[PDB]
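For the numbers below, each heavy atom of this structure counts, side chains included, while hydrogens, waters and symmetry mates do not. Each chain gets a letter, A, B and so on, in the order the sequences are listed, and its residues count up from 1.
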Amino acid sequence: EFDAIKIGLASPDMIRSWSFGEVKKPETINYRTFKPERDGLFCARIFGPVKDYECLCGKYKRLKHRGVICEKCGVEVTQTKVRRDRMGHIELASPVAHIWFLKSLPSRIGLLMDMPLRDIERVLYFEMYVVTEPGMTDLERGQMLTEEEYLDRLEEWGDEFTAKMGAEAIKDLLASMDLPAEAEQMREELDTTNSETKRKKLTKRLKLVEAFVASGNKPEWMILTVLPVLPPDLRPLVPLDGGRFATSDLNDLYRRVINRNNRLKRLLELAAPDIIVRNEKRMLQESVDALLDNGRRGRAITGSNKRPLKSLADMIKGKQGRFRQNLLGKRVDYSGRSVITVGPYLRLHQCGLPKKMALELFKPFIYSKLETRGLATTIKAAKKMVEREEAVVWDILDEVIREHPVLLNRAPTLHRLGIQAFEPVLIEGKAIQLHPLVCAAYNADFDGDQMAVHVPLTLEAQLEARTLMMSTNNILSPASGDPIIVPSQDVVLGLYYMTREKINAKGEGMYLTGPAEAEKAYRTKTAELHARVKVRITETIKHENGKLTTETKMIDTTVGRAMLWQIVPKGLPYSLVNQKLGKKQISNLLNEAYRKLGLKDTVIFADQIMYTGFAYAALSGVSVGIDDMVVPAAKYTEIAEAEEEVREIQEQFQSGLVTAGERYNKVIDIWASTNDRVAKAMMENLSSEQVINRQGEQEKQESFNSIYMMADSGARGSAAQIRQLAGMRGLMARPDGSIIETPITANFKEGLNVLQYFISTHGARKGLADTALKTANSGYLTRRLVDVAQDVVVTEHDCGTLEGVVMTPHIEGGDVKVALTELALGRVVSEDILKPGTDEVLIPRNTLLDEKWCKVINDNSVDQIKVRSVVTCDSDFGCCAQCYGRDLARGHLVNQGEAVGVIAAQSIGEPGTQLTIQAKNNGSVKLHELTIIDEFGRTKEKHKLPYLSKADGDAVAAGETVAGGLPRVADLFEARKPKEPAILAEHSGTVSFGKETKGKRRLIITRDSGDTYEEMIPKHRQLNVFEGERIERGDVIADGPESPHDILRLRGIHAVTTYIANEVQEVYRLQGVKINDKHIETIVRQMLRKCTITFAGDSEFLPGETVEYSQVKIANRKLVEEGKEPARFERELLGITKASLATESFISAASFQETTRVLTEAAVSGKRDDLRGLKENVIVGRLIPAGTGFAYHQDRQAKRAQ
Amino acid sequence: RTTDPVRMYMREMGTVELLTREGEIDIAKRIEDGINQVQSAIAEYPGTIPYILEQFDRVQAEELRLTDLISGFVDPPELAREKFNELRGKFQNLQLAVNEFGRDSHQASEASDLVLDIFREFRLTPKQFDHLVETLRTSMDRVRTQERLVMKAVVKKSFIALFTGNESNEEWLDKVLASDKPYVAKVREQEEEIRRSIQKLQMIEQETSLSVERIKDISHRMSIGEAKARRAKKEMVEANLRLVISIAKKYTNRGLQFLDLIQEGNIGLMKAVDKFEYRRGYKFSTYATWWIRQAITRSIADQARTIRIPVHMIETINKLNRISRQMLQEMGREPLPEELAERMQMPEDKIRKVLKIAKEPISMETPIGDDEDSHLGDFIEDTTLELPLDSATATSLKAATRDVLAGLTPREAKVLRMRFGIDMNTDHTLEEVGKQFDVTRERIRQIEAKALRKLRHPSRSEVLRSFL
RNA sequence: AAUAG
Ligand SMILES: [Mg+2]
Ligand SMILES: [Zn+2]
Ligand SMILES: [Zn+2]
């Protein structure tokens, strides 16, 4: 229907065209008949009838008279919904300045007229005159006159000049401006200017002036003469129960405006003294400002409730505004909510849904099937049958929900796995049954959690639920590619208990024909689960090439391991099961099943694993008791020794040998060492036991203690928590953060006393408060990321670019922090991977790196590769599939139409709650910094070289001595400048000292051309530069934190990308969060979207102008095709908030935040929104240009092309 | 330095000094002097005195209101009859000596001067005062328009030479026709337009019999008088703005803001200045307080409520509140409606009516319960919406009715369709249904009855029975 | 406001 949204100023004629009448009275409704009053705020003659196809007269009262205007009343015979669309207007007695174009800084009226805002308000507030037509006089336009001076010069000159005061004066000044003449004048003055401040001022004003010329807007439209009036049904006056009426504040504001306008007209008719008229004009301006934006001018007008009235700006803006409350999110039909319980019998694609809840949700479907099969004659009969709850209704409900998927949601929806589709199974009850294996995806536990349920209606929505959102499709984490349905808690415990090994168990040494006979022996009490036996195992191995090799052989194992092998799918080794299975081992089993067998086998295997784990956790009888907390006997001796040595240190303090700080430090170290020793003794005592073997000797066995089993299996519990249960609680911190000298020398088994419990509460409260506040901080960060990255969609397959990024193993010392395989898995090669010391092309260009090619890279000892990146993609809009690579949630190359920006933002934002020289290897030494290369050729030690045993190339043997989490991420993604940033070498050249000017110092550099560049340095700067040295560009002169903007300016796009990615990944890896770097690269790409033009060239770009990079690239391609001088630009790094606010579309920018500024700028500019991103199409109700809608939008782009 | 319009208004008002008794009498005297000059200017008009004479002729016949004729008498129908008979006699004398003895003759001037003296001892109602002013204003303005059109057409010095007495005389036209300056060819061409202009001028001059000099003198005198009266009135209003503020300070927090009350009081003060009388000896505050109070309170009665209540009901509500407060003080508990009705000497039903119509609308932003992020407007339904079940039932009924009609004879189906409006814009009575083929009301009625009888048979009505 | 996740 429509292809774009156009915004701009409104002329008086346009406002009159919108209007169906003029509001002349502040009347709303009669106080007896409750009918609209004529020419009032609710007039039926202006806005439409109050009843469908009726008039206030009651004369024309049917559809026979549609479109006929009653002569007695004037009310058109039509529908009542027209009162939601018909607008009105007020003819203002005096012009009024628009508050947005006056006080939304910077002021557009002031910028256009080149007069300060204070002067404009002085003219408006009737304090100072201003010259409109200077005439044949020394007076100039825009020069201010006081009343005294105005009277003086009125006597002096007379009618030669015109001087006015108020909004009429500003309108006359704006109407008399010659815009092309001003544009020429600013261009000429910019040609012959040197100061950068005046250059900025003239470039801003010139941009405004030429925007006004191009848009067709006239400046005097910024001063209102006709005021539009909203439809009444959008500001309703509706009756409540008991005769009370509820009204909108807009009615009060409009009534104030109308009353003051009528009083102004009456005063002008009475020829009142000028002071009264000036007062009335001030009040009219104040009333209109309050109606448009309350509180911007001054004291906000308040109603009888003593609270500020809500204006139109408040209608459209804010968290509670129309954009966010009603347009970006809505309340929906066919939805429900209930508490969630656990269904351990369900399959991964099934969810237990209550019968009554399904009956309410699927009601139209039940009506349709009752009508179809003849059980109900009409729809009212079907309604009666459903209300009476007949058995045939239940059969119809089963047939309806037979294969209809349903969507389950849990708030907060931190990532897309917070909504998944399931096949419903009708259950008796009122609680939703949720599959256990999906709980980790939902962050859902059964302690009172509630879930919402939605019914997809159309066939497309049903197929989207089945194909995309179904739980069996989403078993990999889109953030990292790791499985997300890994078993936890009881399952793991069961699999741990069944696969453990016991010495001299019943049935040891027995020979078993296979898993079935192991199960038979277990069920007959012949052998225990933990009996060491020999079992004939038939194992099938599916190789990389697809070879299926079957080998039968006798393996030493346990009964439980074979019984578990019974459910393992064919194609996997028995070594994955022939061990004790903790959480990590089961994770490995599922990962190998996915990597070597597929998706269906993995789903069946996961279901069987969870069934078996539950069953054998039940059969184990694992229980927690007070005797399971074994406190070591060494704890008391260690406490006594620590106390005695603390007394000795106190005695030394009283002798003056050591200071107070030393005493504090060594007491703390004493207690920390004591805690470590007690923990070690407790773990050693709890981890082992002594058993009698078959020969009768004593053997050491791993303990079957319940708490030890729970912790070791990874089901629940860790070393620190067992420490607290059976060892020492340890040193605790004060609310400010300092450590208390005496620790809690008691565990939870013994019980704390009052002081120890109070000290514990000190830290417990801090933890809870920190969680509560970081929730809001993380939410705001995630929203900002989603806004900045919402437009990134895979639009092509290959962009045909040769650029890429250099990838190397991450070395932060003597060990690898992360391997090259983990970084390269899923990325497309950009330059051929030649074998080291050889010219054979091991891996060609444009090949996805999967597990097989990762093993190939690892075997041949390759250090540095080059891969395609989203930051270096050349696509005009969005990115292409090759520059992105593998879709982590799907395992293959990313498909066209995938909204990867939203995925990146969710992947980064979801873990925000969790957020708070001697050689060690043998090889040679290479200098660049210090690098220690192994014999294979891989770089394994990267060390700094401050300004050495072995020189360059000299081999070194091992042992030779050659010689704040979430705020940090937010500051990195906002491109914040550090407080004391490092001073970097602006240009490459020879350093030279300079004249130490008072206050702060200066230095100079001589370039290769002999030109001298002067740098300004603060006094307190430990300069690392020496005269006569040719410092390269980007070299550090003064040490300090590095600004990302300086990195971009002096090193390039790759350097800033690496910096941001490394810092963010350092923060995330400190806490153990696995997030792929392509998400951070997508965000950084959205950060590098603007360029400032340095050379104007011949393209339609002004110097010093911040414009979109894609537009410049397209223009440069066109100009090169035309063989003309291209534009020269410097790319800019913006924060995610600033980048979001500086997008091309004003709908998205307004929907994000700062609605008034965005709308004011768009209105003065006359912007046009093409609806190219997701948010715009969400707001206007259209299909998003991603995924299933992608193709649709493409088709339209063809039809517009044709 | 400030943004509050209240503070700016006080700054602008404070710069005016306060009057004294002598100042008030002096300003009132200036107002009266200006009004007297205007009255004298209007009196020197041939159309003015006959209008007053005929108004008195109708009034003395006891057919018109006496107040509408005159409002007072200046003293340095017991008496009005004598003075108006004197006025009639002197008008006859002036008409006798207006032109027979000579316009410059002393009779025509002395009679007019003593007529001015007689008319100075009259206080007319302001309505016909403005009525007489407007006619001469319009005549003078039309003269201005014609003169400016003539100047625009001709464009100088020649007109300035003969503007004094020959502006409208045909001697100027003849002399222009005689002139032979190079630009007088186009001037002679424009003489055709100037002919129609001056012909239009002739009717107005004979309507006045004053030519141009006399009307110009009268216009200047009237303009000076109005300017002087306006200046004096402005001085009085600016002096008493502070009294307006002092009065309006007491009606805050009654639905109107402070500046609205100030402006309504200012309008009341201007109306008070329009009708002050310093001969009475009372000071200006005494009279002006009443008008300021009245203006402010009428403005509150008319503009303090979203739903407007008439003034009489506003008084009833306010006096109910006062009586309820006195009774609450008297007995110590809230007065029940019957006791209030007995004290008001009004029915209890009227008391309840006044009680529920005296409540202001609630805001849609008011929080619900103890919440602060909730709003009342978030919980208001749209009772005008149609349930989708009802829409589906309507479509089903349409389909069933069509199927049932398909089982009938086409004539009966069409007759029923026209008589009930099915698949048609309008319903039809028996007459126009007869107009189809045979115009027969008794026949159409019979066939409609037959169709209803067949549709009432249980064989073809079980489908439609389910919709009841 | 309070409460649940
Ligand atoms: Mg929970
Ligand atoms: Zn009507
Ligand atoms: Zn690309």
Side-chain angles (χ1 to χ4, degrees), chain A residues 246 302-308 310 314 318-320 324-325 329-332 335-344 346 351-354 356-357 361 406-422 427 429-454 469 471 474 484-485 488-490 716 761 764-783 786 906 909-915 966, chain B residues 362-380:
Chain A
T302 59
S304 86
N305 305 326
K306 305 223 307 176
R307 43 189 36 167
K310 217 180 112 153
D314 298 63
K319 183 150 132 178
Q320 267 81 27
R324 300 179 56 179
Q325 217 51 1
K330 296 165 175 200
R331 300 210 172 259
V332 290
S335 63
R337 154 174 301 259
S338 197
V339 195
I340 48 153
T341 58
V342 58
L346 288 160
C351 79
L353 198 71
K356 332 181 140 179
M357 240 182 87
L361 292 169
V406 89
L407 268 54
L408 285 188
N409 178 19
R410 190 196 158 264
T413 308
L414 299 182
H415 55 176
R416 77 183 199 184
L417 302 169
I419 314 186
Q420 313 195 32
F422 302 93
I427 62 167
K430 297 198 170 183
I432 301 163
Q433 282 179 0
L434 190 75
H435 196 271
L437 282 186
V438 314
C439 289
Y442 281 111
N443 197 14
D445 58 334
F446 310 104
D447 59 353
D449 283 13
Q450 288 172 236
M451 280 226 195
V453 57
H454 302 276
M469 323 187 45
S471 64
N474 332 105
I484 204 93
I485 59 166
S488 46
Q489 307 200 6
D490 320 59
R716 256 193 182 280
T761 56
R765 179 82 57 90
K766 201 188 60 61
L768 293 173
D770 199 44
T771 306
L773 306 196
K774 74 173 72 174
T775 307
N777 264 110
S778 172
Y780 189 31
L781 172 75
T782 304
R783 172 156 202 277
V786 172
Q906 286 174 327
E910 189 249 356
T913 309
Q914 318 177 3
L915 264 45
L966 193 60
Chain B
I362 195 187
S363 188
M364 282 190 167
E365 302 312 308
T366 41
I368 285 308
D370 295 352
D371 209 314
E372 59 266 342
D373 302 334
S374 68
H375 299 317
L376 167 67
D378 289 352
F379 304 119
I380 300 184

Subject >> Between C/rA1 (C1') and B/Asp373 (CG): distance, integer Å >> reply: 9 Å

**OP:** Report yes or no: does A/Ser778 contribute a side-chain atom to a donor-acceptor pair with the main-chain N or O of A/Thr775 at less than 3.5 Å?
**Re:** no

Original post:
Which part of the nucleic acid, if any, lies within contact of A/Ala411, taking any heavy atom under 4.0 Å across all strands shown: a base, the sugar-phosphate backbone alone, or nothing?
Top reply: base

Any N/O pairs under 3.5 Å between the protein and nucleotides 2-4 of chain C? List them or say none.
none

Subject >> Separation of C/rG5 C1' from A/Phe446 CZ (nearest whole Å) >> reply: 13 Å

**OP:** Verify the neighbour count for atom NZ of A/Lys766: are there more than 12 heavy atoms of other residues, nucleotides or ligands below 6.0 Å?
**Re:** no

Original post:
Can you check whether B/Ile368's main-chain N or O pairs, donor with acceptor, with B/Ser374's side chain at less than 3.5 Å?
Top reply: yes

Subject >> Student check: side-chain heavy atoms of B/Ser363 and B/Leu376 closer than 4.5 Å >> reply: no

Original post:
Do NZ/NE/NH1/NH2 and the carboxylate oxygens of A/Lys310 and A/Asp314 come within less than 4.0 Å?
Top reply: no

**OP:** For the pair B/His375 (side chain) and B/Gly377 (backbone), establish whether a donor and an acceptor sit closer than 3.5 Å, ignoring hydrogens and angles.
**Re:** no

**OP:** Rounded to the nearest angstrom, tell me the gap between atom CG in A/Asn409 and atom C1' in C/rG5.
**Re:** 13 Å

